[PDB]
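Here you get one chain, nothing else, as structure tokens; it is the form deposited in one PDB entry.
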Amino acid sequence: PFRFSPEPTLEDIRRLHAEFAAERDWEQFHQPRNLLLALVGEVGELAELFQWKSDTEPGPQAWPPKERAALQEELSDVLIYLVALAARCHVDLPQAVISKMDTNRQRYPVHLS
């Protein structure tokens, strides 16, 4: 029975990789397009970090640790870069996901009997 955590708000993640990006190259960790391509590669490194695994064979948890480790890393990074972008676009991801979900919930009526 694995959950995540309530905190940090998404708000707050928007928080940590902004002051964080501030003590570093501005246009670098500041061009949305830098953070995005940073994410795509990360979503990219994740792809490969699952490229030859069997949709079946010992999943993420049943591997060496430098793997779940980094796999957990490309995940953390895809999200950090997802969060940093969103922030920059002043998109309120928390609210955006909502109707997206409320919207997706619509478009896709559930199927009873």
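Residues carry their position along the shown sequence, with the first being 1. The term rigid core refers to the maximal set of C-alpha atoms that superpose within 1.5 Å between the two forms.
FYI, the form deposited in another entry isn't displayed, but the following is about it.
For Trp63, a C-alpha deviation of 2 angstroms or more is recorded between this form and the one not shown after rigid-core alignment. Here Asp25 counts as shifted, since its C-alpha moves by at least 2 Å between this form and the one not shown after the core is aligned.
Annotation for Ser54: C-alpha shift of 2 angstroms or more between this form and the one not shown, rigid core superposed.
Distance between the C-alpha atoms of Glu27 and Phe20: shorter in the other entry than here (change of 3 Å or more). Relative to this conformation, an increase of 3 Å or more in the Cα-Cα distance between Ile80 and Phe29 is found in the other entry.
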